[PDB]
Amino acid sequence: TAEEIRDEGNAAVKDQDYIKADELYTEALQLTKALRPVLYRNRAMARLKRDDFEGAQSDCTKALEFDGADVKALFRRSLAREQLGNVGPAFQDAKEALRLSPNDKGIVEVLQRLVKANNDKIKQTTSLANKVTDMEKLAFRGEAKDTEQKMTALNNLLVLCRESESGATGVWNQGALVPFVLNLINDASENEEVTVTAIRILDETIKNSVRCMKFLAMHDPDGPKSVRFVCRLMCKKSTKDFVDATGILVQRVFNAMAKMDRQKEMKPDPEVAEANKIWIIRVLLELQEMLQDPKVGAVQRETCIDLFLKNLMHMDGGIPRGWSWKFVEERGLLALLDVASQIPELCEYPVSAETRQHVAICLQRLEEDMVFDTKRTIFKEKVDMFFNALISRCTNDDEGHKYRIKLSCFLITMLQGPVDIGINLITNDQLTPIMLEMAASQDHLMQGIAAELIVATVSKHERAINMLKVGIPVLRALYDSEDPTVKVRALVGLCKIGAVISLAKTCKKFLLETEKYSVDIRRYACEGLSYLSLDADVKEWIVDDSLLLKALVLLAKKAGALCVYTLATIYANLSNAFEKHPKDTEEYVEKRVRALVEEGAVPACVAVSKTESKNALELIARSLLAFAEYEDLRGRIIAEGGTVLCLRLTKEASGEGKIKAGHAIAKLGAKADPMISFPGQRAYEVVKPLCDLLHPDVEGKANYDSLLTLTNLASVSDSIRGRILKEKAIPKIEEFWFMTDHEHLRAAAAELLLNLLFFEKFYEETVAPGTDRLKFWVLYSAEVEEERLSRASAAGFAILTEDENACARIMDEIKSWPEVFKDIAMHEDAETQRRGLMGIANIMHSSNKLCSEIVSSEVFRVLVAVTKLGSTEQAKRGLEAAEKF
């Protein structure tokens, strides 16, 4: 339609929903030759309110190729270059915007900032250069006789580049940071955390898109080999943290290519995606070459699969539409299916036991990303080609045994990820004789793989029973094995369709033996016990043994993110965290939760949580929500990494698990110290979910905890207050603040709006003559049965009456002010009396007419009664105003 979309974007700006407006103007630019500058200007304003300053600068630079006399592009680019640290060109843009519109007050405020910033710019740059020179000679250029002081220099550079955009500019040092890091990575005799902290510094530095594309194209004048070096940096070392940090570097490369960020909820710009499309296809080709390269190790391959998972799918904030289609139609899907056919016992390229779930989540996300029925059909055609290619080589020879193994691995990875495609492949009647052949074999690995295939088949739907009718007794045969690798895989399935007491004892027997039984055994034991744990008797049975909980925690810390679904299902059922029997009672729920938290459930949760499964992270979020119910435990939950984990869960879980993670954060920070519980930049990113908890219409218990946590967060710094105002929270808080039969919600809303008055924009909106906010600030000071509302509103009345226009509006707009004032002057609570007399006193110091109105009123007798006996000094100050006038 190409024309109503900017109208919808303008309506989204007027609704103050700026990410929707950014997406709409990005959509409207895609349907275009003189309507483009309006789109770039309004999209620059939308990105500027979005804290996207690079994109605002880009859209203003593109909007000036049409008319260089454009005051909007100049002003918005001055703001964007201000927030990026380039104050000189910001000054020049704002100077040209001032000489083309000399009466705009916003440009005057911008010039008032930028002249003071340009007078001190050179000293700030040379001081920052001296700081990074000190820390960078002590970190990279070899002035250190100890490892931990080089570590301290690296942590200082990391905090400095995370503090400001100018800090990242100074640490970048026009591109000397990446030789200083690469000639440290290639030193194999250097410490792990040194290298990982250096790469964390580099990842923060590349968050800029221009520096990151510069970083991509600089290692070799041949483009694809520079791309290959950047993508193969993870193969330089075998440590997990190194591979994770290098994967974050490649994530930065993707985020600079498409101009996307899933952490910032930033859908990509297709103009800058098509602009450097060649770099995107080069990185995708190099990573899918890394999927099947046997010189690439296991965790590097898992990281590449996670990069495809996060980045390629356009339905999950990734690389836009047409790229995953190309990935399926070409040889990338077949590479994922070939990695799906792998086990550590039989692999062609290195594959760990965790690789299967990474492939399964990536394949499920890709099957979801094929949105139309034809592309889903092409997906099914390629998996049928791979299925038929495997099953045509399943001969009865020794060679065909490994193809039977590959076929079974393929189908298990199907049934753990894209479940319905797997169920469609199970209903082949050529498939179940292969299972009956490998189950009746002498090879124990084939017996185990048949057992885990037929437990992968057990779901709710009944058309899989076509195999399960022969699968369940065969499984009951395999439980009679004297091999534990077959016995636990047959114990799953027995636990999954259901005797139960006998099973639970068998799962406990496998799980308690920690040294002699490996994590491969205890994983399937934990999976079977997760299947059993829906019954509350076995819940109380698990909780009543402490050493079983210790064994589950040891399995979590040693197996890592391999037992996420199982342990998270255990923790969710034991905590009764699923929303809705004599033993699912809140005393018993509290007993189970306290026992879990007492023996390390939260470090187990943070140990298993390094996956991209939205469902398993939803389970972890529900577990942490049920953990954070109890007020004496939540400090230990904060101390055991719970706040950072829930801040990850509110970004990367399922859509209904984000809500549970946010309610968990609200519980954790309701009655806690926000400097300890949310230290530093964390207190920024906690503002985003908690405002989304504010539902005055739904009216749950999450609203009070969210108001208390935002009240605590609004007391630490002004940036928190501005971001609370930025997230459209003020009407949501005012809806609680207007409630009549809800005392404590109104009190918490008054406390939060009291702490938000120290932010000057909300202070100026409260004084402003549009609203009746001052009326409620005055009348809630005299609404006297609730001490806390009166204290908060009297404090706000004391603060808001050091503006004389607010004093005049309180006088002429609020009728029955003398009753309110004589009540808060005689007031029973000391804090309310003190702040109310402070407000009355600076009303009288504000004007002579208003002081003459007060002295000739009902308020004067109680003022002179207070002065003739802390709050007496404020009434004395008001009588000093009366003596002055």
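The numbering used is simple: start at 1 and walk along the sequence shown.
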How many residues that are in the deposited sequence but not in the model lie between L869 and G870: none, 1 to 3, 4 to 9, or 10 or more?
4 to 9
Should the segment between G498 and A499 be described as having none, 1 to 3, 4 to 9, or 10 or more unmodelled residues of the deposited sequence?
10 or more
On average, are the C-alpha B-factors higher in 851 to 859 or in 62 to 70?
62 to 70
Going by the average Cα B-factor in the PDB entry, point out whether 413 to 421 or 395 to 403 comes out higher.
395 to 403
From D373, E354, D520, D104, can you pick the one with the highest C-alpha B factor in the entry?
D104
Looking at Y571, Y524, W541, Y704, which has the highest CA B-factor as recorded?
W541
Would the CA B-factor of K33 place it in the lowest, middle or highest third of its chain?
highest
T832, C-alpha B-factor rank within chain (lowest, middle or highest third):
lowest
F75: CA temperature factor from the record, placed by chain third, in the middle
By the record's CA B-factor, is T650 among the lowest, middle or highest third of residues in the chain?
middle
Please place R476 in the lowest, middle or highest third of its chain by C-alpha B factor as given in the entry.
highest
